[PDB]
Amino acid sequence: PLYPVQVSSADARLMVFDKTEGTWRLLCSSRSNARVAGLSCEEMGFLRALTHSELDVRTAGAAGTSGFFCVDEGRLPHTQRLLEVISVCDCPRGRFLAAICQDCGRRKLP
């Protein structure tokens, strides 16, 4: 039932499910971060990404993920779904994307 793309409520890092592992992987930072943050938010049912940033595994931690996924930037603009343009990678920089998507569907009363 969990959706394969998730975002953390502690630091907005994006996590994508790797079905051959049964683990979540981080999304390596790229020059297409804005399009990837926008596409990840749409994918999950949010309207848009308000902002995104770049975290550092060395100062932020992994938070239970196993590896990285990288986006094929040249294919990225032909996509509707993120999972079809992503691949495992080494992400040598150890920097991943965090996305602040527009919040929705929750009541804010006591």
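Quick note: we count residues from 1 along the sequence shown, nothing fancier.
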property: Of 22-30 and 60-68, the stretch whose C-alpha atoms average the higher B-factor in the entry; result: 60-68
property: Per the entry, higher mean C-alpha B factor between 81-89 and 42-50; result: 81-89
property: CA B-factor ranking of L76, expressed as a third of its chain; result: highest
property: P1 - which third its CA temperature factor falls in, relative to the rest of the chain; result: highest
